[PDB]
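Visitor: Here's a structure for you.
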Amino acid sequence: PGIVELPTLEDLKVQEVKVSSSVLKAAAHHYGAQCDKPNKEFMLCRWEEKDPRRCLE
Amino acid sequence: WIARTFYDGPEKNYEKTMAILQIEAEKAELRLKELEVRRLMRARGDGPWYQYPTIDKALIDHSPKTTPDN
Ligand SMILES: CCCCCCCCCCCCCCCCC[C@@H](O)O[C@H](CO[C@H](O)CCCCCCCCCCCCCCC)COP(=O)(O)OCC[N+](C)(C)C
């Protein structure tokens with residue numbers, strides 16, 4: 001019943017954060033303090049849309 | 001004398017029979033209608049009768065669930 005639509009491989013290409021979990025944990029508090037607005041935008045969109053394909057940007 | 005002191009006229013029994021017949025005929029048609037109504041309600045289930053319980057929807061929790069995709 002229907003065809004499941006998926007984004008192309010080019011749509012999923014992004015400049016990745018290539019640092020380990022120790023670095024992330026060391027930075028986590030200041031990262032949450034500084035980079036909060038895009039993170040909350042993403043998470044609100046993620047719990048509202050309930051769809052990974054609607055939250056890629 | 002016997003007719004006067006022990007019995008009544010034909011009108012009483014005649015009209016009593018009329019009333020009795022009317023009641024009994026109504027009861028018969030009511031029984032038939034009731035059977036047909038039961039058959040229809042049990043077949044379709046759109047009536048007040050034969051209503052079987054389903055899960056109450058007030059039990060559902062509508063909250064964020066630690067995961068965006070439920
Ligand atoms: C020659 C002339 C006499 C002829 C023979 C007549 C003898 C008749 C005896 C047989 C009677 C048969 C039954 C008749 C009564 C039926 C029941 C009831 O309908 O009768 C009631 C009357 O019944 C009497 O009150 C009681 C009769 C009891 C007879 C008993 C006789 C034997 C007794 C012996 C005792 C002896 C003494 C003790 C010695 C030890 C009144 O009826 P009712 O509900 O209004 O009817 C509605 C229509 N109305 C309003 C127009 C009347």
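Identifiers for the structure tokens are assigned positionally: chains receive A, B, ... in sequence, residues are indexed from 1 per chain, and ligands are indexed from 1 in the order shown.
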Do you have, as JSON lines, the list of residues of chain B lying at most 10 Å from chain A, each with its nearest atom pair and that distance in Å to one decimal, counting only C-alpha atoms and ordered by chain then number?

Guide:
{"residue": "B:64", "atom": "CA", "partner": "A:47", "partner_atom": "CA", "distance": 7.3}
{"residue": "B:65", "atom": "CA", "partner": "A:47", "partner_atom": "CA", "distance": 9.0}
{"residue": "B:66", "atom": "CA", "partner": "A:47", "partner_atom": "CA", "distance": 9.4}
{"residue": "B:67", "atom": "CA", "partner": "A:47", "partner_atom": "CA", "distance": 7.6}
{"residue": "B:68", "atom": "CA", "partner": "A:47", "partner_atom": "CA", "distance": 4.3}
{"residue": "B:69", "atom": "CA", "partner": "A:50", "partner_atom": "CA", "distance": 4.7}
{"residue": "B:70", "atom": "CA", "partner": "A:50", "partner_atom": "CA", "distance": 7.5}

Visitor: If you take only C-alpha atoms and all ligand atoms and a cut-off of 8 Å, which residues of chain B touch ligand 1, and what are their nearest atom pairs and distances in Å to one decimal, in chain and number order, as JSON lines?

Guide:
{"residue": "B:2", "atom": "CA", "partner": "ligand 1", "partner_atom_place_in_ligand_line": "6 (C)", "distance": 7.3}
{"residue": "B:3", "atom": "CA", "partner": "ligand 1", "partner_atom_place_in_ligand_line": "51 (C)", "distance": 7.4}
{"residue": "B:4", "atom": "CA", "partner": "ligand 1", "partner_atom_place_in_ligand_line": "51 (C)", "distance": 5.7}
{"residue": "B:5", "atom": "CA", "partner": "ligand 1", "partner_atom_place_in_ligand_line": "52 (C)", "distance": 4.7}
{"residue": "B:6", "atom": "CA", "partner": "ligand 1", "partner_atom_place_in_ligand_line": "52 (C)", "distance": 4.1}
{"residue": "B:7", "atom": "CA", "partner": "ligand 1", "partner_atom_place_in_ligand_line": "48 (C)", "distance": 4.1}
{"residue": "B:8", "atom": "CA", "partner": "ligand 1", "partner_atom_place_in_ligand_line": "51 (C)", "distance": 4.8}

Visitor: For N, CA, C and O atoms, I'd like the residues from the last selection saved as a PDB file, in the first residue's frame.

Guide:
ATOM      1  N   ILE B   2     -83.871 -16.573  36.003  1.00  0.00           N
ATOM      2  CA  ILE B   2     -82.499 -17.072  36.032  1.00  0.00           C
ATOM      3  C   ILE B   2     -81.578 -16.130  35.267  1.00  0.00           C
ATOM      4  O   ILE B   2     -80.486 -15.783  35.733  1.00  0.00           O
ATOM      5  N   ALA B   3     -82.015 -15.688  34.085  1.00  0.00           N
ATOM      6  CA  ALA B   3     -81.206 -14.773  33.287  1.00  0.00           C
ATOM      7  C   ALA B   3     -81.000 -13.448  34.007  1.00  0.00           C
ATOM      8  O   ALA B   3     -79.925 -12.845  33.916  1.00  0.00           O
ATOM      9  N   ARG B   4     -82.021 -12.972  34.719  1.00  0.00           N
ATOM     10  CA  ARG B   4     -81.901 -11.696  35.413  1.00  0.00           C
ATOM     11  C   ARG B   4     -80.969 -11.793  36.615  1.00  0.00           C
ATOM     12  O   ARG B   4     -80.175 -10.878  36.860  1.00  0.00           O
ATOM     13  N   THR B   5     -81.043 -12.884  37.378  1.00  0.00           N
ATOM     14  CA  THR B   5     -80.316 -12.919  38.642  1.00  0.00           C
ATOM     15  C   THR B   5     -78.951 -13.588  38.552  1.00  0.00           C
ATOM     16  O   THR B   5     -78.139 -13.424  39.469  1.00  0.00           O
ATOM     17  N   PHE B   6     -78.659 -14.333  37.486  1.00  0.00           N
ATOM     18  CA  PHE B   6     -77.387 -15.041  37.409  1.00  0.00           C
ATOM     19  C   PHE B   6     -76.494 -14.611  36.257  1.00  0.00           C
ATOM     20  O   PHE B   6     -75.290 -14.867  36.309  1.00  0.00           O
ATOM     21  N   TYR B   7     -77.030 -13.970  35.225  1.00  0.00           N
ATOM     22  CA  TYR B   7     -76.273 -13.733  34.003  1.00  0.00           C
ATOM     23  C   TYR B   7     -76.432 -12.291  33.532  1.00  0.00           C
ATOM     24  O   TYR B   7     -77.168 -11.494  34.114  1.00  0.00           O
ATOM     25  N   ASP B   8     -75.714 -11.969  32.455  1.00  0.00           N
ATOM     26  CA  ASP B   8     -75.735 -10.648  31.841  1.00  0.00           C
ATOM     27  C   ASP B   8     -76.113 -10.749  30.370  1.00  0.00           C
ATOM     28  O   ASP B   8     -76.372 -11.845  29.864  1.00  0.00           O
TER      29      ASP B   8
END

Visitor: Between atom CA of residue A:56 and atom CA of residue A:17, what is the distance, to one decimal in Å?

Guide: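 Atom-to-atom, atom CA of residue A:56 and atom CA of residue A:17 are spaced 15.8 Å apart.
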
Visitor: Name the residues of chain B that fall into alpha helix (DSSP H) according to DSSP on the backbone, using the chain letters and numbers of this document, as a tab-separated table (two decimals) with C-alpha atoms, in the first residue's frame.

Guide:
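Wrote part.tsv, looks like this:
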chain	number	residue	atom	x	y	z
B	2	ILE	CA	-82.50	-17.07	36.03
B	3	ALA	CA	-81.21	-14.77	33.29
B	4	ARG	CA	-81.90	-11.70	35.41
B	5	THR	CA	-80.32	-12.92	38.64
B	6	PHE	CA	-77.39	-15.04	37.41
B	10	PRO	CA	-74.64	-10.54	25.12
B	11	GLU	CA	-73.13	-7.05	24.87
B	12	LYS	CA	-70.84	-7.56	27.86
B	13	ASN	CA	-69.25	-10.79	26.63
B	14	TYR	CA	-69.17	-9.52	23.04
B	15	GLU	CA	-67.28	-6.33	23.86
B	16	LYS	CA	-65.04	-8.07	26.40
B	17	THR	CA	-64.05	-10.49	23.64
B	18	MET	CA	-63.39	-7.51	21.37
B	19	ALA	CA	-61.05	-5.97	23.97
B	20	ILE	CA	-59.31	-9.28	24.72
B	21	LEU	CA	-58.71	-9.96	21.02
B	22	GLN	CA	-57.36	-6.44	20.52
B	23	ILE	CA	-54.89	-6.83	23.41
B	24	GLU	CA	-53.73	-10.27	22.27
B	25	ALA	CA	-53.24	-9.19	18.65
B	26	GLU	CA	-51.19	-6.20	19.79
B	27	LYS	CA	-49.06	-8.51	21.94
B	28	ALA	CA	-48.48	-10.86	19.00
B	29	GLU	CA	-47.39	-8.10	16.63
B	30	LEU	CA	-45.18	-6.64	19.39
B	31	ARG	CA	-43.47	-10.01	19.85
B	32	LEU	CA	-42.80	-10.36	16.12
B	33	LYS	CA	-41.44	-6.81	15.88
B	34	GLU	CA	-39.25	-7.40	18.94
B	35	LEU	CA	-37.74	-10.54	17.41
B	36	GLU	CA	-36.98	-8.71	14.16
B	37	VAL	CA	-35.45	-5.76	16.02
B	38	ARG	CA	-33.22	-8.12	18.02
B	39	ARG	CA	-32.07	-9.80	14.81
B	40	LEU	CA	-31.21	-6.46	13.21
B	41	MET	CA	-29.37	-5.11	16.26
B	42	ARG	CA	-27.34	-8.29	16.70
B	43	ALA	CA	-26.48	-8.31	12.99
B	44	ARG	CA	-25.35	-4.69	12.69

Visitor: Please list as a VMD selection string every residue within 12 Å of residue A:12, counting only C-alpha atoms and excluding residues in the same chain fewer than 2 positions away.

Guide: chain A and resid 6 to 10 14 to 16 52 to 53 55 to 57

Visitor: Can you tell me how far atom CA of residue B:61 sits from atom CA of residue A:39, in Å to one decimal?

Guide: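 It comes out at 25.8 Å.
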
Visitor: How many Å lie between atom CA of residue A:27 and atom CA of residue A:42, rounded to one decimal?

Guide: 19.8 Å
